[PDB]
>>> print(open('my_file03.txt').read())   # compact mmCIF, C-alpha atoms
# COMPACT_ATOMS: atom_id res chain seq x y z
CA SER A 1 14.24 -40.67 1.81
CA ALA A 2 11.20 -40.14 -0.39
CA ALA A 3 10.30 -36.84 1.28
CA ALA A 4 13.82 -35.49 0.85
CA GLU A 5 13.68 -36.62 -2.78
CA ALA A 6 10.42 -34.78 -3.43
CA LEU A 7 11.76 -31.66 -1.73
CA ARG A 8 15.02 -31.80 -3.68
CA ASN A 9 13.11 -32.08 -6.94
CA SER A 10 10.48 -29.40 -6.26
CA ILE A 11 12.03 -26.89 -3.84
CA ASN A 12 13.30 -24.39 -6.44
CA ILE A 13 10.19 -22.91 -8.02
CA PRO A 14 10.77 -19.21 -8.70
CA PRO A 15 8.02 -16.88 -7.46
CA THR A 16 5.42 -15.16 -9.61
CA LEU A 17 4.53 -11.47 -9.42
CA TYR A 18 1.03 -10.14 -10.06
CA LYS A 19 0.51 -6.44 -10.71
CA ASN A 20 -3.01 -5.22 -11.34
CA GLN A 21 -4.06 -3.06 -14.24
CA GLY A 22 -4.51 0.66 -13.72
CA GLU A 23 -1.72 1.08 -11.18
CA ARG A 24 0.60 4.05 -11.21
CA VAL A 25 4.22 3.69 -12.31
CA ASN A 26 7.14 5.93 -13.20
CA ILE A 27 9.71 5.93 -15.97
CA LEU A 28 13.10 7.27 -14.90
CA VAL A 29 14.56 8.79 -18.05
CA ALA A 30 17.97 7.16 -18.53
CA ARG A 31 19.28 9.34 -21.35
CA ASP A 32 18.93 12.81 -22.77
CA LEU A 33 15.87 12.99 -25.03
CA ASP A 34 16.24 15.54 -27.82
CA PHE A 35 13.08 16.96 -29.39
CA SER A 36 14.66 19.54 -31.68
CA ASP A 37 13.74 17.95 -35.01
CA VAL A 38 10.00 17.43 -34.46
CA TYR A 39 8.82 20.67 -32.81
CA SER A 40 9.36 24.38 -33.20
CA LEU A 41 8.04 27.39 -31.32
CA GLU A 42 6.27 30.46 -32.62
CA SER A 43 4.69 33.49 -31.00
CA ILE A 44 0.92 33.81 -31.19
CA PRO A 45 0.03 37.34 -32.41
CA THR A 46 -1.87 39.40 -29.86
CA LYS A 47 -5.62 39.32 -30.53
CA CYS B 1 -4.94 -21.31 -0.78
CA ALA B 2 -4.01 -17.67 -1.45
CA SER B 3 -4.77 -16.18 -4.87
CA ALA B 4 -3.96 -12.86 -6.47
CA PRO B 5 -6.11 -10.01 -5.12
CA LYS B 6 -8.62 -8.33 -7.38
CA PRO B 7 -8.57 -4.58 -8.10
CA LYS B 8 -10.92 -2.35 -6.18
CA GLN B 9 -14.53 -2.62 -7.28
CA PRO B 10 -16.27 0.77 -7.37
CA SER B 11 -19.30 1.20 -5.17
CA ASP B 12 -22.78 1.25 -6.69
CA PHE B 13 -24.42 3.67 -4.24
CA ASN B 14 -23.55 7.16 -5.49
CA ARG B 15 -24.77 6.79 -9.07
CA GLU B 16 -25.14 10.19 -10.74
CA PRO B 17 -25.00 11.66 -14.26
CA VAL B 18 -21.56 12.24 -15.73
CA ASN B 19 -22.77 15.13 -17.88
CA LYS B 20 -23.75 18.04 -15.68
CA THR B 21 -23.40 20.20 -18.80
CA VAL B 22 -23.44 19.40 -22.51
CA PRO B 23 -19.89 19.04 -23.88
CA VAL B 24 -18.76 21.79 -26.21
CA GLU B 25 -17.25 19.29 -28.67
CA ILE B 26 -20.85 18.35 -29.50
CA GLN B 27 -21.02 21.97 -30.74
CA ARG B 28 -23.66 22.56 -28.08
CA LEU C 1 26.99 -15.02 -87.03
CA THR C 2 27.64 -13.33 -83.67
CA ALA C 3 30.51 -11.02 -82.76
CA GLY C 4 32.87 -12.08 -80.00
CA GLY C 5 48.75 4.44 -11.28
CA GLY C 6 45.99 1.94 -11.95
CA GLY C 7 45.37 0.76 -8.38
CA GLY C 8 42.30 1.11 -6.21
CA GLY C 9 41.19 -1.98 -8.05
CA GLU C 10 37.78 -2.49 -6.49
CA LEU C 11 36.80 1.11 -5.78
CA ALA C 12 38.00 2.22 -9.21
CA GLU C 13 36.11 -0.61 -10.89
CA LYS C 14 32.98 0.53 -9.05
CA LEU C 15 33.51 4.09 -10.32
CA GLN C 16 33.58 3.28 -14.03
CA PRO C 17 31.09 5.65 -15.67
CA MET C 18 27.92 4.40 -17.28
CA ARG C 19 27.43 6.62 -20.32
CA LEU C 20 24.07 6.08 -21.98
CA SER C 21 23.82 7.72 -25.38
CA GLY C 22 20.97 10.14 -25.90
CA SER C 23 17.96 9.80 -28.17
CA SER C 24 16.47 12.06 -30.83
CA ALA C 25 12.73 12.22 -31.39
CA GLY C 26 11.31 11.26 -34.76
CA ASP D 1 49.51 24.59 5.89
CA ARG D 2 46.92 23.73 8.49
CA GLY D 3 43.47 23.02 7.15
CA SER D 4 44.86 21.38 4.03
CA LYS D 5 42.45 18.74 2.76
CA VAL D 6 43.69 15.17 2.31
CA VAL D 7 41.76 12.63 0.24
CA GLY D 8 42.17 8.89 0.66
CA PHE D 9 40.38 5.61 0.05
CA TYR D 10 40.07 2.09 1.40
CA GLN D 11 38.91 -1.19 -0.09
CA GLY D 12 38.71 -4.91 0.52
CA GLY D 13 37.14 -4.82 3.96
CA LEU D 14 38.34 -6.70 7.01
CA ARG D 15 39.07 -10.37 7.45
CA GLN D 16 38.26 -12.21 10.64
CA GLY D 17 40.60 -11.38 13.48
CA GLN D 18 41.34 -7.98 11.93
CA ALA D 19 40.38 -4.74 13.64
CA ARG D 20 42.14 -2.21 11.38
CA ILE D 21 41.62 -1.28 7.75
CA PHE D 22 44.35 -0.13 5.38
CA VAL D 23 43.80 3.47 4.30
CA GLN D 24 45.91 5.09 1.60
CA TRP D 25 45.91 8.87 1.50
CA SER D 26 46.32 10.03 -2.08
CA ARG D 27 46.42 13.80 -2.51
CA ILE D 28 46.57 16.90 -0.36
CA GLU D 29 45.37 20.37 -1.34
CA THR D 30 46.91 23.31 0.48
CA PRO D 31 44.54 26.20 1.31
CA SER D 32 46.45 28.27 -1.26
CA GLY D 33 46.16 25.85 -4.17
CA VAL D 34 49.26 23.69 -3.85
CA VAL D 35 48.66 20.06 -4.79
CA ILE D 36 50.98 17.13 -4.14
CA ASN D 37 50.37 13.40 -4.65
CA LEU D 38 51.44 11.62 -1.49
CA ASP D 39 50.37 7.99 -1.80
CA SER D 40 51.17 7.27 1.82
CA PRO D 41 49.82 4.87 4.44
CA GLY D 42 47.21 6.09 6.86
CA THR D 43 47.95 5.24 10.47
CA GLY D 44 46.44 5.82 13.88
CA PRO D 45 47.31 8.62 16.29
CA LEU D 46 50.48 6.81 17.44
CA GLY D 47 51.55 5.48 14.06
CA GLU D 48 49.97 2.03 14.08
CA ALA D 49 49.18 0.84 10.59
CA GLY D 50 45.67 1.34 9.30
>>> encode(input="my_file03.txt", output="C-alpha cells")
Amino acid sequence: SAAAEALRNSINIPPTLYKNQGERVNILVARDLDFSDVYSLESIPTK
Amino acid sequence: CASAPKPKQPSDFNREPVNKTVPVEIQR
Amino acid sequence: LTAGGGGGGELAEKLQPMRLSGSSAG
Amino acid sequence: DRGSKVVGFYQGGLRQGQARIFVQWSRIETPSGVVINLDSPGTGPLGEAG
C-alpha cells in the first residue's frame, strides 16, 4: 500500500522544542563549588 | 498550521520617563 | 682534520552512589 | 525484645498469576543495641511464603 509506505517512511520525525528568550531557569548545583582561592574577607574599619 | 508562539509584546499605552531622578553615576 | 553477601541485585544496583567531584574557582 | 526493628527488602516485582512478593528480612536491632543478621524469608501471618 502506498499510504502505508509513506507512513512507514515518514512516521518517525522527532519533535522540536522552542523556548523563548528571556525566560527564567534554574541551575541545580551538582557538586561542591569551592571559592577559597579567589576571595578573602576583611573587616571594614568603623568610620 | 501551528507555529511557535512569540514572546509577550509590551503595551505602548503607559509610556513614561525612565529617569525620575538623575543617576548618581553621572556624578549629578 | 676533525676529531672523532552481594545479593539484592536490582535494589543494590539502584543504590550505587553517584559521587560528583567538586570544583574550585579560578 | 518487643519493639525491635527489622529491616528487609524486595525486588523483581510480580509475574502474572502471582499475588505474593518475596520479602527477605535482613537485620534486626534490639531496643538495647543488639544486632543480628537474620537473612530469613518473610511470610504472612500464618506462615505462607511472601
>>> axis_aligned_box(input="my_file03.txt", around="segment 9-24 of chain A", padding_each_side="3 Å", output="JSON")
{"center_x": 4.4, "center_y": -14.0, "center_z": -9.0, "size_x": 23.8, "size_y": 42.1, "size_z": 16.4}
>>> atom_distance(input="my_file03.txt", atom1="atom CA of residue 49 of chain D", atom2="atom CA of residue 14 of chain D")
13.7 Å
>>> residues_around(input="my_file03.txt", residues="residue 39 of chain A", least_positions_apart="3", cutoff="12 Å", atoms="only C-alpha atoms", output="list in words")
residues 34, 35, 36 and 42 of chain A; 24, 25 and 26 of chain C
>>> closest_atom_pairs(input="my_file03.txt", of="chain B", to="chain A", cutoff="10 Å", atoms="all atoms listed in the file", output="JSON lines")
{"residue": "B:3", "atom": "CA", "partner": "A:18", "partner_atom": "CA", "distance": 9.9}
{"residue": "B:4", "atom": "CA", "partner": "A:18", "partner_atom": "CA", "distance": 6.7}
{"residue": "B:5", "atom": "CA", "partner": "A:20", "partner_atom": "CA", "distance": 8.4}
{"residue": "B:6", "atom": "CA", "partner": "A:20", "partner_atom": "CA", "distance": 7.5}
{"residue": "B:7", "atom": "CA", "partner": "A:20", "partner_atom": "CA", "distance": 6.5}
{"residue": "B:8", "atom": "CA", "partner": "A:20", "partner_atom": "CA", "distance": 9.9}
>>> atom_distance(input="my_file03.txt", atom1="atom CA of residue 23 of chain D", atom2="atom CA of residue 40 of chain D")
8.7 Å
>>> atom_distance(input="my_file03.txt", atom1="atom CA of residue 5 of chain D", atom2="atom CA of residue 26 of chain D")
10.7 Å
>>> build_atoms(input="my_file03.txt", residues="segment 7-19 of chain C", atoms="N, CA, C and O atoms", output="short mmCIF file (atom, residue, chain, number, x, y, z; two decimals), in the coordinates of the input")
data_model
loop_
_atom_site.label_atom_id
_atom_site.label_comp_id
_atom_site.auth_asym_id
_atom_site.auth_seq_id
_atom_site.Cartn_x
_atom_site.Cartn_y
_atom_site.Cartn_z
N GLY C 7 45.87 1.45 -9.55
CA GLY C 7 45.37 0.76 -8.38
C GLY C 7 44.00 1.20 -7.93
O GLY C 7 43.24 1.80 -8.70
N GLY C 8 43.66 0.93 -6.67
CA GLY C 8 42.30 1.11 -6.21
C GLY C 8 41.37 0.17 -6.94
O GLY C 8 40.30 0.57 -7.38
N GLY C 9 41.78 -1.10 -7.05
CA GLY C 9 41.19 -1.98 -8.05
C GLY C 9 39.70 -2.18 -7.90
O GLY C 9 38.99 -2.30 -8.90
N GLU C 10 39.20 -2.25 -6.67
CA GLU C 10 37.78 -2.49 -6.49
C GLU C 10 36.99 -1.19 -6.50
O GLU C 10 35.96 -1.08 -7.17
N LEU C 11 37.47 -0.18 -5.77
CA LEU C 11 36.80 1.11 -5.78
C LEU C 11 36.82 1.74 -7.16
O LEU C 11 35.83 2.35 -7.58
N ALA C 12 37.93 1.63 -7.89
CA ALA C 12 38.00 2.22 -9.21
C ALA C 12 37.21 1.44 -10.24
O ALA C 12 36.84 2.00 -11.28
N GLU C 13 36.98 0.15 -10.01
CA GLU C 13 36.11 -0.61 -10.89
C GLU C 13 34.65 -0.29 -10.62
O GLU C 13 33.82 -0.39 -11.52
N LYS C 14 34.33 0.10 -9.39
CA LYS C 14 32.98 0.53 -9.05
C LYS C 14 32.68 1.95 -9.49
O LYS C 14 31.51 2.34 -9.48
N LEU C 15 33.69 2.72 -9.89
CA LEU C 15 33.51 4.09 -10.32
C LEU C 15 33.66 4.25 -11.83
O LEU C 15 33.85 5.37 -12.31
N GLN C 16 33.59 3.17 -12.58
CA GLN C 16 33.58 3.28 -14.03
C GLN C 16 32.28 3.91 -14.49
O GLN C 16 31.20 3.43 -14.11
N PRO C 17 32.32 4.97 -15.28
CA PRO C 17 31.09 5.65 -15.67
C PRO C 17 30.20 4.77 -16.52
O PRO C 17 30.67 3.91 -17.27
N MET C 18 28.91 4.99 -16.39
CA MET C 18 27.92 4.40 -17.28
C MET C 18 27.39 5.53 -18.14
O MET C 18 26.63 6.38 -17.66
N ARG C 19 27.79 5.55 -19.40
CA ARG C 19 27.43 6.62 -20.32
C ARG C 19 26.41 6.09 -21.30
O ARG C 19 26.75 5.35 -22.23
#
